[PDB]
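We use all heavy atoms of the structure for the numbers below, so side chains are in, but hydrogens, waters and symmetry mates are not. Lettering of chains follows the sequences in order, A, B, ..., and the numbering in each one begins at 1.
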Amino acid sequence: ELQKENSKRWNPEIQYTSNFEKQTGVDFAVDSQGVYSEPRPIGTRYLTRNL
Amino acid sequence: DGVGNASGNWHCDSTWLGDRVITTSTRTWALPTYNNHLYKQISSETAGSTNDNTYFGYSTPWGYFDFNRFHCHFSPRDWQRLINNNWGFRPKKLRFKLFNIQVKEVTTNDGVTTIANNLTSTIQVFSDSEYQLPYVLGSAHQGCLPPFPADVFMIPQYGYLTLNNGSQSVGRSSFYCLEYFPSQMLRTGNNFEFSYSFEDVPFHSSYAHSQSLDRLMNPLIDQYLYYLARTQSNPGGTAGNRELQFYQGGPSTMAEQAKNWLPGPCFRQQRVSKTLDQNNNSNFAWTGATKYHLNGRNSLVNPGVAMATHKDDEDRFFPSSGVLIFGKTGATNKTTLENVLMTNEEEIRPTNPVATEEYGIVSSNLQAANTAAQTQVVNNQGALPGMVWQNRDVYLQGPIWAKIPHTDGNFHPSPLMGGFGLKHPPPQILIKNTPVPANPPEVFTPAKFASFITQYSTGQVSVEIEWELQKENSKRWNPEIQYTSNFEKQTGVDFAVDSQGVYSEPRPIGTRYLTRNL
Amino acid sequence: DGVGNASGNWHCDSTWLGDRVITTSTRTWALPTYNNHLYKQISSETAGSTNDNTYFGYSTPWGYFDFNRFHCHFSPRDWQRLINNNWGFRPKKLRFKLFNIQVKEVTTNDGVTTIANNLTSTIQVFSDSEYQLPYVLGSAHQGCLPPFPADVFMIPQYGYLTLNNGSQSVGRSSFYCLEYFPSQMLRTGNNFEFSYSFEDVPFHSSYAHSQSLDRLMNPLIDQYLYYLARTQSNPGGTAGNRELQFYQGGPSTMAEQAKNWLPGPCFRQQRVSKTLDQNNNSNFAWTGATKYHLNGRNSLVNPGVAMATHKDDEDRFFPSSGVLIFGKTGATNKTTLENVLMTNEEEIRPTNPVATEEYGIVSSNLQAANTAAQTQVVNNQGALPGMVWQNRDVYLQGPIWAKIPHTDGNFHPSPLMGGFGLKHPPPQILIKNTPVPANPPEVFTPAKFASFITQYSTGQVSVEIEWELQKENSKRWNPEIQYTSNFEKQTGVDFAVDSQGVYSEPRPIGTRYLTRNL
Amino acid sequence: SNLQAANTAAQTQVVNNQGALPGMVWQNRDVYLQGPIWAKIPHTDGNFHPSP
Amino acid sequence: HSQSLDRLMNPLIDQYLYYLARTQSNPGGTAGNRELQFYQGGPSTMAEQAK
Amino acid sequence: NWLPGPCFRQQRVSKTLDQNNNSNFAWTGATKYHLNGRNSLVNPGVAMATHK
């Protein structure tokens, strides 16, 4: 069950995003040998809210 | 609904109806233009304040209405009725109105100022009934409806703060435009209205306990439980050798008896006397205070956990920052002791620990044949299974409610200044003058418009609340303590005006007069 | 409907409802008197402009409303929602209102200016819902509803141009009187309204392709088709004699494989670097530009066919006139490079050719035993059977729509600045102050009346649009690129006000963030 | 830590641990794509804010 | 959260509650003798305010 | 995921007279609380285990 956000913030928020520049491999994919890997940890607290 | 028609009447009244009381209030307000119709970023850089005082935020051109004080609704005679005859109370319903709107334009010239009516200007009002804006109420700010009904008041300016790193902002700072809401526009001849329901909340305790927590036994019978009395049986001299002796519950040894209930938590503060030749010759209002620490900043614990002010026979003492302090009539922001009014929470001495003393004593080691026992003083203590405690009182000139912060966990969410803690409190009402531009040039310019006509507005406001009463059901035989007026002659009446026309309140009035068996 | 009654409320909001989003906006305007209630003929003779700049037209006393920009309707947070979660969108319905009208008279005297209310003056509004007047919108003019809702704006003056021969007119030049239309007159207490339906139009592509057009094969298998590989079989030395050798589709030779689809058309422009010590020491902003030729005049190709800005690793380059350029906060009309904001169309590199490079190579002759082969570089190319291409992106601070010219033929009528091309666009709304003559003489004169009272008017405007969303349906396993805010500390917030009260937009924001398999 | 007087300076003590006090508000720990989802609360007589 | 717990006030208005500011009123030198002085909630003193 | 309960540590006393210290500490070295200027033995208090 999802709880949707209902914010009146005027300016844009912080969002989780992928890399933009060139690398040797893709994050969250396999390498030339067939091994899956996860680069970093990903949390959940990106949107904001008035305490 | 025109220029020559009133859109509301005056309603100031009180109606006691058994288990309910209904109050109604009406006042006259005035609203200037704030910030020149601009939003402005504010910071602590202008202040040159310290790291603890560092802040980053915004200021807006809107005002807001504030009636979060008991004297906005109760007159002193009504407060006396309530606190002398009831054990508890709480709010039920609210109703709000704005009527008889007037808008004026101001022209200054040659040092002569003129004022005329503007019949076609509007104002903008809305309620934040979904709690999307920062809730700025509930911080004990000035700008309330005045206690005396014949007084005219000025509406305060609205602003807020967001996250900062020094005098900087961070990527999580939020900016808010209030014009991004739906508002209702009012010319003269229009009015505004809304109603609200209070969620279910506990009654405020308007009583004092008439027993103490360590004296809940029968003083004539003994107990069937033993306690360790002696360890070194001394027959009279130094020849006392080891022996274990256990006693039986007795009336004289009230303390040496099994109990069932502990006192509440503590956060021990510094003691300060009302005698300058009793306090230490040093400045320790900040270095020796009680603080908390959050994100590299310090902040005074003010007022904090509800504790008793002083013990028996020690009324001249008080904690550094553990009481509410109001000011007498016409005081400055920087003031001495004979011009302030301090409260007393010494009616909760039966259950809550004294603020300036320690909680208790615990052990620190394990004694042996050749090691004496050791103890350690407990100057702070959180919740333990078995604890009971009271809350802080409310005053005729104090706050009514606070908004509980939306978090994952809280613990006993009573606001520490006193009042009713609400997850969905009465919403903020914001009001503004609609800008009227002066004459623009006759050739188009994209430059930002900045020439305006000076305006302000005035009108009437009313607010009405229904409260639920809890009546007392006591079998006390002898008479009780009651709040009462003076009997002897003075120069003036308390809670009235003087020869110059100034209203004043002499003392603070609490609620805990009737008693109750703990 | 009187002097003391508001005829509308404030409505600024957004409502996301699944496959639709509805936006609403309200602003405050001011309208001066233009031209002294006169129509005037204008020409390039006063300018002393060149043959290319020669023009002949008219100017009118009417103003007009303009909201053909995305930030008139979307706030930056809403634009972020839209571009981070959707593959496409398009407009559906429109609604327009004008309310709370106020008219004022201005008296100047002794250097003292006074302003009073005129309760019996009117204004004149109408919509050109049959498209009989020249459509002046859709040329990226200033005079829009401001991006920040708390800003007051001035309405622009309306005029148009017709056919000219130098600074002269010809027998086919058209003059237009706007009073020759039916309008609606509004005193204070009246309001105005109309609605419109958008014709059926394609969704805007809010995605970037994740494959390229020359890489649509399987990289493990070979083809069943041969291509000519060698012509002079060289066994290692200069003794190579004639021989025809054909190869088979291989993974290494991706380019040497039969395909099915060509890139789009091109109109190759000049390359300009962001390094002054990399650009040539000469002025070539006009002599070496890309132009078209129409009726003896030249005109810059600006911005023109949608092409990619730069190739890989070459982000410091850009075409001379092949991108959109906005200005930072508070810039003049003549400006240097560190005060402008340039866009990047490099996300259409998978299908569209780079702007500053050539299309391809073709042959020029017929080789023989004693004639070497020759080629020729193709710097321009129209449509060929097999071509696929993308359109230019839209920006939060760019235009929304354009009117397609009524002609006999067009080709892919997407407007070259970006947006939705419409044969029946939202009509122009024109507004004017009704003239109030001063006191005439007391003896009749046929001479033309020329004494008027100075007036201007102010009021509120609102506009509401409903958009249709196309949701994304992707099976990508790894995460996508998303527009995001800064994370570290700065002095101010992006898309907010500074300490002086000025709103500003730091960067341009496009729409192509999510991806899609070509 | 003490009670100051005319001839006694004030003293303090640093609080390195603290349980629940009336008035406290707090957040919980975040969850991660590669972390646990749930835990079983132990069957006892009392708990306090049983978030794992 | 986009606000902090010690910054939930309005930064333009003052409070109607006093706090103990000084104990040894120093007129500038070492001749400061005992005196109790109470202040009023101010924007600069965010920490010195009832919460 | 789970911590033990609260504590109010008390003095240890052995059932061997030649193991307990040669002194009377049934009141001076006890565990008390303080309420309105009076002291009172914490008896029995928070539920804790008797011995290890």
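At a heavy-atom cut-off of under 4.5 Å, chain C is reached by B:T434, B:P435, B:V436, B:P437, B:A438, B:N439, B:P440, B:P441, B:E442, B:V443, B:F444, B:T445 from residues 432-445 of chain B, listed in order of number. Of residues 144-156 of chain C, those residues lying under 4.5 Å from chain B by any heavy-atom pair are C:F148, C:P149, C:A150, C:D151, C:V152, C:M154, C:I155, C:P156.
If you measure heavy-atom distances from B:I453 to chain C, the contacts under 4.5 Å come from the side chain alone. For C:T28, the part lying near chain B is the side chain, with the backbone staying farther off; criterion is any non-hydrogen pair under 4.5 Å. Residue B:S169 touches chain C through both its backbone and its side chain, counting heavy-atom pairs closer than 4.5 Å. Neither the backbone nor the side chain of C:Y503 has a heavy atom closer than 4.5 Å to any heavy atom of chain B. At a 4.5 Å heavy-atom cutoff, the contact between B:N109 and chain C is made by side-chain atoms alone. Within the 4.5 angstrom heavy-atom criterion, only side-chain atoms of C:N117, from C-beta onward, approach chain B. Residue contact with chain B, scored on non-hydrogen atoms closer than 4.5 Å, involves the side chain of C:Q102 exclusively. Of the two parts of B:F126, neither the backbone nor the side chain holds a non-hydrogen atom closer than 4.5 Å to a non-hydrogen atom of chain C. For C:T33, the part lying under 4.5 angstrom from a heavy atom of chain B is the backbone only. Heavy atoms of C:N100 lying under 4.5 Å from chain B belong to its backbone as well as its side chain.
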Go through the steps for C:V502 and B:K448 under the test side chain to side chain contact (heavy atoms under 4.5 Å, CB included), then give the verdict. CA-CA 9 Å; C:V502 170; B:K448 179 170 133 203; 4.2 Å; yes
Report the C-alpha separation of B:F181 and C:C12 in whole Å, then their side-chain angles, then the decisive distance to 0.1 Å, and conclude whether the side chain to side chain contact (heavy atoms under 4.5 Å, CB included) test is met. CA-CA 5 Å; B:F181 289 78; C:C12 263; over 6 Å; no
So B:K40 and C:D498, side chain to side chain contact (heavy atoms under 4.5 Å, CB included) or not? Walk me through it. CA-CA 6 Å; B:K40 289 141 103 131; C:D498 63 56; over 6 Å; no
Before giving the answer on side chain to side chain contact (heavy atoms under 4.5 Å, CB included), spell out for C:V493 and B:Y58 the whole-Å C-alpha distance, their side-chain angles and the decisive distance to 0.1 Å. CA-CA 11 Å; C:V493 187; B:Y58 287 92; 3.3 Å; yes
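Ranked by heavy-atom pairs under 4.5 Å with chain B, the list C:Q500, C:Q142, C:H11, C:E488 is led by C:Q142. Counting heavy-atom pairs closer than 4.5 Å to chain C, the top residue among B:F56, B:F175, B:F452 is B:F175. Your options are B:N118, B:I42, B:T107, and the one with the most heavy-atom pairs under 4.5 Å with chain C is B:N118. Between chain C and the residues B:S167, B:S183, B:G189, the largest count of heavy-atom pairs under 4.5 Å involves B:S183. The candidate from B:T122, B:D110, B:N165, B:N5 with the greatest count of non-hydrogen atom pairs under 4.5 Å with chain C is B:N165. Taking chain B as the reference chain and counting heavy-atom pairs below 4.5 Å, the highest number among C:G63, C:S485, C:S75 is found for C:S75.
For C:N339, the CG atom counts as densely surrounded, since its 6.0 Å shell holds more than 12 non-hydrogen atoms of other residues, nucleotides or ligands. Within 6.0 Å of the CG atom in B:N51, the count of heavy atoms belonging to other residues, nucleotides or ligands exceeds 12. More than 12 heavy atoms of other residues, nucleotides or ligands sit less than 6.0 Å from atom CZ of B:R297. For C:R81, the CZ atom counts as densely surrounded, since its 6.0 Å shell holds more than 12 non-hydrogen atoms of other residues, nucleotides or ligands. Crowding of B:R172 atom CZ: a count of heavy atoms from other residues, nucleotides or ligands under 6.0 Å not exceeding 12.
Residue C:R77 holds its CZ atom at 10.0 Å from OG of B:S174, rounded to the nearest 0.5 Å.
When every heavy atom of C:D78 is checked against every heavy atom of B:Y180, the shortest pair comes out as OD2-OH, 2.7 Å. Here the closest heavy-atom approach between residue B:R187 and residue C:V3 is recorded as NH1-O, 3.1 Å.
Contact check for B:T120 versus C:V103: no side-chain heavy atoms found under the 4.5 Å cut-off. Residues C:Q460 and B:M185 form a side-chain contact, since some pair of their non-hydrogen atoms from C-beta on lies under 4.5 Å apart. Looking at C:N9 and B:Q184, their side chains come closer than 4.5 Å, going by heavy atoms from C-beta outward.
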